[PDB]
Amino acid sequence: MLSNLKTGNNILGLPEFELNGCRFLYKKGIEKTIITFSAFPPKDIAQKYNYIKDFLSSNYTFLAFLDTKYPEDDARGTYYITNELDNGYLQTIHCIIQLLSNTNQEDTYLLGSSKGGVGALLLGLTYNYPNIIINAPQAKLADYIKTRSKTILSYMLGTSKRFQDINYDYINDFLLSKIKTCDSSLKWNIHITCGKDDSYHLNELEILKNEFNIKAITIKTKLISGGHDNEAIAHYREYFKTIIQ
């Protein structure tokens, strides 16, 4: 039962649950379901639940998810991809939302920035969540992990030297593949912001945009002030609060 899934941790008065290695916060509300995804924290900093304070007074239904618990020596997550490089973790997140949420899919909103934005896209494109409002997601996943933690990257690549380049390309294109295989008939409502001084993720956004374009998916984009920093996040928070209401 859900009460038995409690980890015994409380974040800002919200109990933490864990199911199949997937840690999450859950608050039952009304009208809408808000889903947030964690980004890469700094090294030796624990993974953080995102945007709790924006919706604690809102009385919306709120679910916040963390990334996986691996690798053990740098436990900042594996981009919501399993040790087997498949959808097993996304599948668990989907089951949690579908059973705990008390609103329709059209009234559910996936939120996240950077790696958290990618997790939102991965879940949304795999399982048909139409409302995705995210900031500065990556396009080439392996290239970015390389710039954040060699420990996590080498972990996902695996031990066998003969498959390192193959696994690199597979991880690098994991999100682009989800775009290539998604349902183009869905009424997608995808919003992507990006700090105007975040040149790296401005280029990543164009890579993502080209994939959506050829799938006949028109997304909304907005340039905000800042780089890949707390200033962009501040304006991204103002953005998703606006369109949600």
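In this text, residue numbers run from 1 along the sequence as written.
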On average, are the C-alpha B-factors higher in 51-59 or in 65-73? 51-59
120-128 versus 147-155 - which carries the larger mean C-alpha B factor in the record: 147-155
Of the residues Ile35, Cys182, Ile45, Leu176, the one whose Cα carries the largest B-factor in the deposited record is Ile45
Which listed residue, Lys161, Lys115, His94, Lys140, has the largest C-alpha temperature factor in the record? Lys161
Splitting the chain's C-alpha B-factors into thirds, which one does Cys22 fall into? lowest
What third of the chain does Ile30 rank in for C-alpha temperature factor, lowest, middle or highest? highest
Chain-relative CA temperature factor third for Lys196: highest
